[PDB]
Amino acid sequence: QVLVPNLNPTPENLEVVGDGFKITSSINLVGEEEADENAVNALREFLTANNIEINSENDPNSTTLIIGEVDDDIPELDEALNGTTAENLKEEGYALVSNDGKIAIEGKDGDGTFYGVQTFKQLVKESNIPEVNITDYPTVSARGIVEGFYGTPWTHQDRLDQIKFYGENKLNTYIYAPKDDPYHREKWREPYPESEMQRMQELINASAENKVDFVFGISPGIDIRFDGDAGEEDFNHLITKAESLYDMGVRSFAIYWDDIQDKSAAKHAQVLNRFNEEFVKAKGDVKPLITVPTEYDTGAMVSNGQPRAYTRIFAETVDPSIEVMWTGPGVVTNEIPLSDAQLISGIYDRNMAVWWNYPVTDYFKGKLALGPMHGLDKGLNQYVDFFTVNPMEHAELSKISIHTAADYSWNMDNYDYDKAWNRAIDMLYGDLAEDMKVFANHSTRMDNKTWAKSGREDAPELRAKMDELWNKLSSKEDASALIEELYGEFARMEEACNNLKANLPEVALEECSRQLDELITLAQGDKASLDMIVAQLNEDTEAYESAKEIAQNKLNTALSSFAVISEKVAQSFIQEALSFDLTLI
């Protein structure tokens, strides 16, 4: 009878109180004079998009929408809320009540009001809305993305689209830090050309319109000089560089020390402290300084329960108000258990920031990382106050994983990776969701075979059916039913990928066409591998020898291609099938 639509992030408190109601083609709007401008703009936009007019004069027979903040002078807001408010209720928190023709939205601040509008937009389908009482606020207070990868940086239009996407999903933090922007790191002293400054401006305006904090990152560590007149000259270059962005509206800064040879911990921190003093504190409206030290994962930072020398000196030197990011137990790592966050938090005795290197693929570019947040302790917020993911150079397909990060960082305690992953693809993909899940299911696990591994395993259910096939065959048990089933699975992989090639919008298709072709090749090799097994069981030598040729040729195509998908599953199945001797008789 509505119902409650898919929502992201999952609201903290949601109660269904009624049958639901249709929103009139024309509404009455109250409070839009005092409410958060940004919030109201996002409301107007949605209303316009959905062919909903705003009444110039009040109308009894119309759906009424009331909007404002807690301390705004708005009587009707108090009334339609009927008891529950956002009072109450941390920063970015809000209350939403839909009941019998009225919709009320109240934020603790303007951010909350904006976010209340985002939930509203998600609640309405076909002008119908469920009847609910919502109170909501984030688990973690900074949530977002660091564009911090190697490779082709996101285009200006990519970033503008990403920023709207963060706002819509309650993500409030975007860190500008592309390794391959020359003015970010390689030529960090050099000022941005005019045309690129105008683009930053648009990005900064876009961030503000969406209640996202734009963080200007800089990475001087390759060749910054520390002592004497050169240290003076270089420190001034940092100040100059930050000022140009500040003067455009930037109020958040990051200075980064990763991926460099120099491990002068005291000098790094001293730079951070001087910048913090002469810029951050001196400007007065600037958020805490953000940094990553040269040791940034637990393997690098810690030896036998104790901080290594670099980490030790850095921790003892960097001012307490500076946000320090770390990536977890490893740079690209399976999990962050609570004990790791506890370890690092105690070392720095401060709440930590997380730089999560997933879905980034810059270290294994042939594979797309399409899985949810996976391995992050649901209790991490005890030690972590700031959470960001490093995405792929592929902006559109990063939205799947980013979508889950939004849910993880806003409602951490109830986060369910499988449900969040499904919900992400449903919400992003529409009619194509079921097919996109088939494909993406095979492309969640990242593994470069050495130091870098993270993500949910690829297609775990299918992997379990494959194992059971081998179990039955080696036990000489009848596998006819399981074989018939696996034909069904392989045919479904291929059909799903074909539907995706024919119907994915180009923005999506351009990022994954090769991996799609790759999964089809694999599915075909998997099918032929079944043919090979079935021939061996039928003692049909010629059907063997013909199926095996196909299987091997598909595996060889898959191995020689740039695109990489389903290594431990669709790919490995062929290898397993070719290594299983059923000619033993």
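Residue positions are given as counts along the sequence shown, with the first one as 1.
- Of the two segments examined, 51-59 and 546-554, it is 51-59 that shows the higher average Cα temperature factor in the deposited entry.
- Among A266, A230, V117, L509, the highest C-alpha B-factor recorded in the PDB entry belongs to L509.
- Per-chain ranking of the deposited C-alpha B factor places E567 in the lowest third.
- In this PDB entry, the Cα temperature factor of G107 sits in the middle third of its chain's modelled residues.
- The entry lists a Cα temperature factor for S219 that places it in the lowest third of the chain's modelled residues.
- Per the deposited record, the Cα B-factor of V324 falls in the middle third when ranked against the other modelled residues of its chain.
- Among all modelled residues in this chain, the alpha-carbon of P505 has a temperature factor (C-alpha) in the highest third.
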